[PDB]
Amino acid sequence: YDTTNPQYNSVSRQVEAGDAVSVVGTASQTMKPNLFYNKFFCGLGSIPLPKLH
Amino acid sequence: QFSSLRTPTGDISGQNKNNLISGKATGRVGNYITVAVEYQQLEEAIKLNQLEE
C-alpha cells in the first residue's frame, strides 16, 4: 500500500497497529496440503557439471 | 699443485717428494619446488571462468 505510487497497491488499505489477525487451521495437526498455482508461480532448473581431472 | 726443492747440488735423496692427492667437488639434487592448488567441483561450475588465465 503506497501513497506515492498507487499503481502498485495489491491490497485495499494500510495495515495499522492493532489490526486483528488469525492462523488458518488447528493447533498441532499434521496434514497434506493441496496446491494450486499458475505455470509462472515457480521456476526450476539444473546446472551443468564439468568433469573431474 | 706441486712445490719444488732448492738444493746446492740438486740431490734430493734425504727429503720428500710431491705426493699426488686428488680432490673433488660434488653436485647434489636439491629439494623440490612445488606450487599446488585445489578447488571444489561446485566452485568450478559456478565461479571459475578463465581458469587458464
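Looking at the method and resolution fields of the entry, one finds cryo-EM and 2.89 Å.

(A) Main features of the interface of chain A and chain B. Across the boundary between the two partners, chain A contributes six residues, which contact five residues of chain B. Around 400 Å² of area is buried between chain A and chain B when both sides are counted, 62% of it from carbon and sulfur atoms. On inspection of chain A and its partner chain B, the count reaches one residue pair in polar contact. A class-by-class count of the residues in the side of chain A that touches chain B yields five nonpolar, one polar and no charged.

(B) How the structure looks around the pattern of salt bridges. Tallied over the full model, the rule gives one salt bridge over all chains. For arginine 13 of chain A, the salt bridge goes to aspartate 19 of chain A, with nearest N and O atoms at 3.5 Å.

What counts, and where the lines are drawn
- Every chain here is numbered from 1 following its written sequence, a scheme that can differ from the numbering in the entry; residues without coordinates are not drawn.
- Lettering of chains starts at A and numbering of ligands starts at 1, both following the order in which they are written.
- Each value listed here was derived from the chains shown, which are themselves a piece of a larger assembly.
- Side-chain figures throughout are based on the complete set of non-hydrogen atoms in the structure, without hydrogens or water.
- Residues are treated as being in contact if the distance between any of their heavy atoms lies within 4.5 Å.
- Put simply, buried area is how much 1.4 Å-probe accessible surface two parts lose in total, over both of them, once they are put together.
- Pairs of N or O atoms within 3.5 Å make up the polar contacts considered here, provided that, within protein, one atom can donate a hydrogen while the other can accept it, and that residues adjacent in sequence are counted only when both atoms are side-chain atoms.
- Put simply, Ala, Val, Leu, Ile, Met, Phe, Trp, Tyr, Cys and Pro go in the nonpolar bin, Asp, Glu, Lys and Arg in the charged bin, and everything else, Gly too, in the polar bin.
- By convention in these notes, a salt bridge is any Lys or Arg side-chain nitrogen within 4 Å of a carboxyl oxygen on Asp or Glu.

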